[PDB]
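A.B. asks: experimental structure and its sequence below.
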Number of protein chains: 4
Amino acid sequence: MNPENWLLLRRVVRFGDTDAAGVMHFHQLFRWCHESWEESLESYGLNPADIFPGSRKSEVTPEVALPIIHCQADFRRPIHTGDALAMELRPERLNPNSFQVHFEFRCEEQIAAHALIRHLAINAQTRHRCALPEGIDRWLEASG
Amino acid sequence: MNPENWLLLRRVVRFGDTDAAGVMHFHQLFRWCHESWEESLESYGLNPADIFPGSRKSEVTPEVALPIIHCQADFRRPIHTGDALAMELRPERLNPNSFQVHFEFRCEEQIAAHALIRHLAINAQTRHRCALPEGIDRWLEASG
Amino acid sequence: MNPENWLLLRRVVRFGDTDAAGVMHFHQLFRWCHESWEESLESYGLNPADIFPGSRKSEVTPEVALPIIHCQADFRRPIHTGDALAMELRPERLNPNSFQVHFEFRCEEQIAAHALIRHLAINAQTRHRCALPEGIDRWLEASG
Amino acid sequence: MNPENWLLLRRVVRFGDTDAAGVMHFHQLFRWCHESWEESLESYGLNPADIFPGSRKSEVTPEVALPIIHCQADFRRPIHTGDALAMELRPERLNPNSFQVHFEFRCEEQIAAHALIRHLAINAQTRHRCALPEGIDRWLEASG
């Protein structure tokens, strides 16, 4: 498996993602990032049922939560309804309990925006810091 | 307590609620309905912790889920950023296990949209139909 | 071109689409419908720039608006994060100035929800009723 | 007029703002920030019609766009459905063409999250940098 298969993703900007200024409403970018992260994990081969609560086939609710503790974005060029965006993800293990993902959005080969999302692994019930789930660790390693 | 206190509500249309057509994006109406229903329950005097999962002060997760089984809306006049909307709610008990709420949205005294949301009471763990929670029944009765 | 290519679509339910009840938050369904309608038009071969305002490559803003005048949905089975949903679209010309689209959502071959969205064609500047744009008429005809 | 009237704002976390982890879904924070900024401008006394496109009563579409070029947030404590959040806004003029707003969210007197949004003033048609609109400059000055 070539990592581009799960780190190079694509999406098309839809009409409801825009505001009356005629361009993407800013916070939608973060939704797109989160969804591309989920898509990446899926494409690498992880099962949603093992990572995300609310999943149909979980035998138990996943034990480790991955709350976002920081995120940011820079908006460089306007993004429009119907734009085909090329998304490149670059994950980084920060320590045994945390990781971040950088997201770069290109349209017609030019960078239109980029974002960074940082997660901490905690026990979902105690909220104490804990080790990253094994599947997330495999994905981080494979994506090096 | 006069029921208008919890059935007549107000909100202002915000920029992110609009699309590049220069008017409210259609599905936002439903979010506004749901939020006004929550506001109504709050204004009548019910505690979120007794009705909605995810609440900070629940001693246990609420036992009865109120899934939406049907909803609809008619859009009659365009709705714009910065519009002050007067919302009137009209709840109806349908049977011991179900209710619906009608929402009318006025701007400058004219009806711009209206919607209807129907809920069924089910046990959150078994998903069997069950009786409406007592607080919801009090609200329905008070709102007659 | 076989119409299934643009009327049979797929999407995966993402974590942000769910609420603390552990299932899809109801109004997201409508967003999914609208986005699948846009996807259908794209897949049939229409150019966003000719239909939707806010598009990058429009020579002029499209002259005909397609406001939603009515929509509704029935929710039959719970929908969960990571569910693969098979979406089937069935468009219907209603008259020379209007159409609706029916959306059926299946998961593991069973209908989980369905929705209906009705549009009116109006001149974007005058807001008078007008004929459907030619591309939308081609799509309706091809989808018969 | 005391600036707290437009810089100290309040909102209640609603059920649709949460995900299946049982807490606010991260990107909603940014929507809340943007809406509180709009609320602040309104509360200071500015007219939406002069600042935001899509407004009902604009004689012409506002000439100056205020695109967000950067934003970020830190999430410190979990935020739950029904939480009453105290929002404090701290605007800063950066130069004649730009400003940022810092947003602090408190619940039960403790900081749960904070965010920063930076805007650039551009001519809406040319997209060249330009001076801040006079009303935004009045608000910035009053909020010092």
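C.D. replies: It's in. Residues are numbered from 1 along each chain as shown, chains lettered A, B, ... in the order given.
A.B. asks: checking the residue nearest the centre of chain A next. Helix, strand or coil?
C.D. replies: Nearest to the mean C-alpha position of chain A, by C-alpha atoms, centre = their mean, lies residue A:37 at 2.6 Å. What DSSP: H, G, I helix; E, B strand; the rest coil gives for residue A:37 is helix.
A.B. asks: setting the sequence-adjacent residues aside, check what's closest to it.
C.D. replies: Closest residue to residue A:37 apart from its sequence neighbours, by C-beta to C-beta, 6 or more residues apart in numbering or on different chains: residue A:101 at 5.7 Å. For the C-beta atoms, the positions are set from N, CA and C on the backbone; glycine is no exception.
A.B. asks: checking that neighbour next. Helix, strand or coil?
C.D. replies: Of the three states, residue A:101 takes strand under three-state DSSP.
A.B. asks: how much space separates it from residue C:43?
C.D. replies: Distance, residue A:101 to residue C:43, using C-beta to C-beta, to the nearest Å: 30 Å.
A.B. asks: who's more crowded, the two?
C.D. replies: Taking neighbours as other C-beta atoms under 10 Å in any protein chain shown, residue A:101 and residue C:43 compare with residue A:101 leading, 22 against 17.
A.B. asks: what ranges does chain A have for its helices?
C.D. replies: With DSSP state H as the criterion, chain A has helices at A:4-7, A:28-44, A:48-51, A:134-142.
A.B. asks: kindly report the residues of chain A close to chain D.
C.D. replies: A:19-23, A:26-27, A:30-31, A:34, A:52-54, A:65, A:67-76, A:78, A:124, A:127 (C-beta under 8 Å from any C-beta of the partner chain).
A.B. asks: and the nearest residue to residue A:67 once chain neighbours are set aside, what does it touch?
C.D. replies: Among residues not flanking residue A:67 along the chain, residue A:120 sits closest, at 5.9 Å (C-beta to C-beta, 6+ apart). With contact set as C-beta atoms under 8 Å, 6 or more residues apart in numbering or on different chains, residue A:120 has these partners: A:66-67, A:69, A:97-98, A:129.
A.B. asks: out of these, the closest to chain D would be?
C.D. replies: Of all the contacts of residue A:120, residue A:69 has the smallest distance to chain D: 5.4 Å, by C-beta to the nearest C-beta.
A.B. asks: against chain C, how distant is that closest one?
C.D. replies: Distance of residue A:69 to chain C, computed by C-beta to the nearest C-beta, to the nearest Å: 16 Å.
A.B. asks: do residue A:130 as well
C.D. replies: 19 Å.
A.B. asks: again, but for residue A:3
C.D. replies: 20 Å.
A.B. asks: pretty sure that residue is touching residue A:140, no?
C.D. replies: No. The pair residue A:3 / residue A:140 is not scored as a contact, 11.2 Å apart, by C-beta atoms under 8 Å.
A.B. asks: check the separation of the first and last residues in stretch A:16-28.
C.D. replies: Terminal residues of stretch A:16-28 are spaced 10 Å apart (C-alpha to C-alpha, to the nearest Å).
A.B. asks: actually, stretch A:22-36.
C.D. replies: This stretch, stretch A:22-36, spans 24 Å end to end (C-alpha to C-alpha).
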